[PDB]
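Presented as structure tokens, the chain that follows is alone, the form deposited in one PDB entry.
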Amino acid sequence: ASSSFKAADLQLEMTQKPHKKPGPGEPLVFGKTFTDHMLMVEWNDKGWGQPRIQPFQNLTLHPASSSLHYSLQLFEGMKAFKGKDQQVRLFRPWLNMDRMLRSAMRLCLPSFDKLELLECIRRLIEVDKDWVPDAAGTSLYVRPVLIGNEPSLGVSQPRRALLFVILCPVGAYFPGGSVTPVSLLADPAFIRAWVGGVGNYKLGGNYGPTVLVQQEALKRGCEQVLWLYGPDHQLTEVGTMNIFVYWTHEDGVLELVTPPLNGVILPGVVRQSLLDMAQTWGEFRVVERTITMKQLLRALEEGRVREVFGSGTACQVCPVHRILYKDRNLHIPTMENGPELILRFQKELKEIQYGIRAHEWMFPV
């Protein structure tokens, strides 16, 4: 009664202007197409209003809105998948709710009950169940967002906020049983986040500044940015992805490594999962630890590196075959080693996500 909105009070408003779905020919470029409905909940000094599913529509915002002046905004990104039996499922939606909540706190935005939001999302996706593609490799992208909405140029804790969710079908990222590597630009010139910063939260502010760097990565001939940090150029993340390395370490032990959640990297859901899986298999050392370019160069020379890749909801797993550093093109042997591990990861997630094998990680819609 001044804490959280409840799914039980959700309000439905089916559209009166259904939109033509992307014909079976239609491309489906990442975030360019949206479904018919959206979720919407308002918050002010009266607590949350009633959550409501409404037709997709513009946002009406006051010119002084803090979401626009002081970046009082955060968002989440997760996927729902439709299996061959056309049942739709989310991938560990809970971890996303957690993260959203944590970001919400960092920006002094109002908290809410994750189960209620999750259910509300489940109701929304349900409403647009038809928008979920089901061609192999495709999915529905779930975009929850929360922004401060005070019509005040004061940089204070907002007293008015707004949470909303939008959905878009996304097409396949790789052919059924393979993957294609990407080249990375690695330049100390740019930092993405720092210690004591806010990079371990998914806030809009973390991304705005990457657009320029991303272009520099392309003009320089690469496709993504490997973010280096500190004086030893430690690897943090690869653009909107957590970085992983499968190699024989200096101590001669075969292991899967990924930078620790110090506070400069984002707690990827896929990231978590890949560790979970690997720790399960028990076939090799799985460790969270700092990785430095130094260690990487030497591991490359002595040929101890097998696979390098990033994790993320866009493709789950993505191979790396080239890293441009100090104007030096480093060939990464990922494809030459299978990529054995990447494919397994890829294969296991697909069977879990598309409902080939039942699993606790999947939240049915």
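Only residues modelled in both forms are compared. All residue numbers are counted from 1 along the displayed sequence. The term rigid core refers to the most C-alpha atoms you can superpose between the two forms while keeping them within 1.5 Å.
Beyond what is shown, the protein has a form deposited in another entry; the following relates to that form.
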| item | value |
| --- | --- |
| Rigid-core fit between the shown form and the other one, the member of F164, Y207, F284, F174 whose C-alpha shifts 2 angstroms or more | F174 |
| Change in CA distance between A278 and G176 in the other form, which is 3 Å or more, as closer or farther | farther |
| Cα separation of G221 and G176 in the other form versus here, shift of 3 Å or more | closer |
| Mobile segments between the shown form and the other one [3+ consecutive residues, each C-alpha shifted 2 angstroms or more, core superposed] | 23 to 26, 174 to 178 |
